[PDB]
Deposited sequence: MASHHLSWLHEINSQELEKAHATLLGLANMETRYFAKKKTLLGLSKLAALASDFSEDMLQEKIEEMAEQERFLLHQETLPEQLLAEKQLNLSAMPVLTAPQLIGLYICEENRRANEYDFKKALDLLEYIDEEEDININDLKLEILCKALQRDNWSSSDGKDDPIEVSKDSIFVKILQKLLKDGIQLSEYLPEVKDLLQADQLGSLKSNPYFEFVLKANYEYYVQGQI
């Protein structure tokens, strides 16, 4: 816990260093992780790093901040209902967050929520396509075939499935036709 001292000594390149490290090992409390990383970033900013060395560090923290954004933006009601401590739950993984964003219990779920779930595939780190389907199918169900349409306009493609997805088909092909003209 040297960061506490490294700060009082004005060694902020170093306090940023230990702070960033603790931030990475954090898994017990999301909120703790968040803070430590915010703390890490303040140290970096308030230190004497090179104008590029700095923009290089705040570069890669914007990258982690990009991941904690998903758990950060979990609906308060979804949380209220799974009865989870507003801010005492642990740093979830991408598998876990999709479960939630995809959970049928998440009523107010729209394109954004499923969108979030999709981007989350890239944060899996080693079957990804199955999920990609499960999460896609569940977007149409809420639409009672609007939204599966909107999720596609946002992504603006050969990753999605068609024939195998189906495995009421009237509109599926209709979109799988408007998709043709779109992707081409």
- Query: What ranges of the deposited sequence are left out of this structure?
  - Reply: 1 to 5, 132 to 135, 155 to 165, 177 to 189, 201 to 210
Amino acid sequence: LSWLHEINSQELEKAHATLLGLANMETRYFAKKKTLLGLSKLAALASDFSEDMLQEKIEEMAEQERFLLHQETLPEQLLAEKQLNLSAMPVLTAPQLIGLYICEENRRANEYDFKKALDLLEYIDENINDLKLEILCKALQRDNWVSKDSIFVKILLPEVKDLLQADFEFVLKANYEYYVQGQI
From here on, numbers count along this sequence of modelled residues.
- Residue range whose averaged C-alpha B-factor is higher in the record, 105 to 113 or 68 to 76: 105 to 113
- Task: Report the stretch with the higher mean CA temperature factor, choosing between 14 to 22 and 158 to 166 on the basis of the entry.
- Result: 158 to 166
- Task: Between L140, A31, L39, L120, let me know which has the highest C-alpha B-factor in the entry?
- Result: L140
- Name the residue from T27, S47, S147, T35 with the greatest C-alpha temperature factor listed in the entry. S147
- If you rank the chain by CA B-factor, which third does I58 end up in: lowest, middle or highest? middle
- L4, C-alpha B-factor rank within chain (lowest, middle or highest third): lowest
